[PDB]
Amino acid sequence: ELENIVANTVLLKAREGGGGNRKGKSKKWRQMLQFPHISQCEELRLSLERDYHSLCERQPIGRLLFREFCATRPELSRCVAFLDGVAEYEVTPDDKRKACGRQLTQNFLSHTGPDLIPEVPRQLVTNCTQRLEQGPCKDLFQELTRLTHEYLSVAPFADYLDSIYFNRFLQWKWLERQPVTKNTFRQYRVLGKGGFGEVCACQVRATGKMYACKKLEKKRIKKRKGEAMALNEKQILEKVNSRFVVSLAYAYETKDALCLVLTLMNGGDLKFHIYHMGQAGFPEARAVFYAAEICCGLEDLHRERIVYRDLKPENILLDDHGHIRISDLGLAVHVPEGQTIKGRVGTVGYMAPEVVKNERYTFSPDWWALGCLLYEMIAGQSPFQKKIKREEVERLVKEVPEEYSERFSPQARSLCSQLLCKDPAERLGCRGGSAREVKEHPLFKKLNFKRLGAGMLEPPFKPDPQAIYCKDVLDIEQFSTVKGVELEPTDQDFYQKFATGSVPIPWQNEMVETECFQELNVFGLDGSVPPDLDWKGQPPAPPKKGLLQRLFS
């Protein structure tokens, strides 16, 4: 049991700060992130669609590079400042808002000073001054915002595309397109057993950022014919850019497995925190908070027409600051507009009635599971689970109503009840309010949801950073690595479909978070001090005074 203590101390060190000044970065990272030749970018230039929204808004490095570009020209720079102001303004609370709102009005709409855009209609200016002072609303400046973006997205965009800044962007992009492999990362101790493989911590060598690596063993996939499940979780996480769903940064392959590299949630899973963390369950305030986050998560997925179908403690995880994110989306699936889907899938205990009955549905099942979970967090026990068998529990779900203890408050009961209403058409969330009607339950008196979704609300429990919230290494399952299955050409075509490489938005973020972008992107400072002697070894006209003093006394 040296192995246990070893692996644990390693991981915690990586989580601490790698090896000194370089924050986990390999000593040869600059080499690893060496830009390519400009000629090496043309093929790529052509590939990239000229899309304002993609190149200047969605893609953080791309956005930075544009912003940086706009700094070179004051008429632009000031636009960017304006948009910045409004984005802040819109998230500034009621009492402080008008105070903040005037500063903008006075700065960017002074009728004596220079114009904001080349053609700003005067009538549109007077309206704001008026509309503001009486009732400062959230969509106050939408008129100007819209015009500003319409301005930038045409000429300044074109001018940028045709500037050095874009050449830089192309290079940055070239790097993200470079193939990802085993060798990109450092591996650490495993943190769990998935359906199809291990799930261990890991680190990007070049950048030192920590990720979780969900391994899916190539063989175990073919045996269980879970090709759909694997590609599905990928394609889904690839698309979802939610604050409450583990984001995917890389998809690659090895000899033995396909990997998904995912946000690393150091606070561990809610299953651990409910059971193996002192007395079972959480206080009300706490249980509620998570239910509210998990709710926002579901809102996020649903809004992208995705039903999750596997909410449960195992698959909710906690981050460094004690916030949560949904995970394991193998069972998730898209729900086309105006349609319904049937699929008897999930975990025994958390599948709602209509799923168990093998009926058609849209999003009902998730709101059920939120109920189950919100129950389980207060109660300290699954509402339908000592070992029991499958058929018994399903009966328990389909017919018997839930059984409460006295930990539940008055309103705490009603919510779980309404979520565990067995009639899906009458269930909370499914009546025709979506998340809104669940958010509006009085149990969430105290939480401003607008803020929670912006991650501005502090949770009631910050994890201990020095703690590792899961089992030790040898105290973990390991199913029979079954032989009797050869990998064949048909599988290679699929692996090609899966092993995409680095996910743009996350990847780009990684570089900015690890100061790799700033450190490497900038150009003109290093080795720029105009030199003491010209090429032929003679001083300039006139010579540098610091050399003369150094050459004599």
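Sequential numbering from 1, following the sequence displayed.
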Fill in the blank from the handout: According to the PDB record, deposited residues with no modelled atoms between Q385 and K386 number 1 to 3
Completion exercise
As the entry reports it, the stretch among 30-38 and 494-502 with higher mean C-alpha B factor is 494-502
Problem - Higher-B stretch (mean Cα B-factor, as the entry records it), 216-224 or 115-123 - result: 115-123
Handout entry: C-alpha B-factor winner, where the candidates are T145, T72, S153, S409
Key = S409
Handout entry: Given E88, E198, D269, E391, the residue at which the Cα B factor reaches its maximum
Key = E391
Exercise for the section: Quick one: classify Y250 as lowest, middle or highest third of the chain based on its Cα B-factor. Expected result: lowest
Exercise for the section: Would you mind ranking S417 by its C-alpha B-factor against the rest of the chain and naming the third, lowest, middle or highest? Expected result: highest
Completion exercise
Entry-reported C-alpha B-factor of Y308 relative to its chain, by third, is lowest
Exercise for the section: Looking at the entry's B-factor column for C-alpha atoms only, identify whether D319 ranks in the lowest, middle or highest third of its chain. Expected result: middle
Completion exercise
Assert third(CA B-factor, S364) within chain per record equals middle
